[PDB]
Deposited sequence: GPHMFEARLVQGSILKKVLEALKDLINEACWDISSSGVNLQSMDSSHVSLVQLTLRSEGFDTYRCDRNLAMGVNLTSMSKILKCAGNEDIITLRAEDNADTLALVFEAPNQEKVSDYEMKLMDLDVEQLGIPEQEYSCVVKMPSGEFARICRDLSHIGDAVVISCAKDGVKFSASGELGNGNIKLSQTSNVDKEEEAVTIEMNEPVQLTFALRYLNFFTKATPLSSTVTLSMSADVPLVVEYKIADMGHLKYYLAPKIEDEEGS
């Protein structure tokens, strides 16, 4: 009998506004320590991994491990009905095919029910390794950058060095070069550079990554060589939302 009371409703609205454009279905693992999500999209280019652990929920309880497949556009149509303040009470029984959302306004107690499905997402992820360049930057600027090179081309060149990091794109209308130079309290640019690494990615996934922008204001880009780019947002006191993307050539 999974049961989860979240006193800040806009966290769940923001998460499933982030994940509905890139992937379109998910298979949530809900176990005794939090909610986990592991999903690669259709083209098998990106991966999205998500953990919200069982401590920033204002109440959480679960008695047996559940696997819950969810159409994310159906859940993003149901969760469009809460306001920005509804205490959201997701309940779900174990062997029933419906997830009962119960909103609660701060007595307008809605009660929505959704159908699940049988989805078998792949039960594998990137093993734990070490990374070479770890930039940490303001996430409004990262979203502005990933939405400011798609007007040029569909290839971004992230060239990372010690003084800063440079984003360049070259397409049929020309080319462009944005250079980040390191800092002098959350406009802070910290570059844990080791080896200067130059890579190239697809912007049609970097624009879908930047739809978790109001989930934080600090984003960590973690790169290496022959290894996917990591973009990470931290949902405050809750957990994280990571995006892995594969490079070109």
Sequence ranges absent from the coordinates, based on the deposited chain and numbered from 1: 1-3, 110-111, 190-193, 259-264
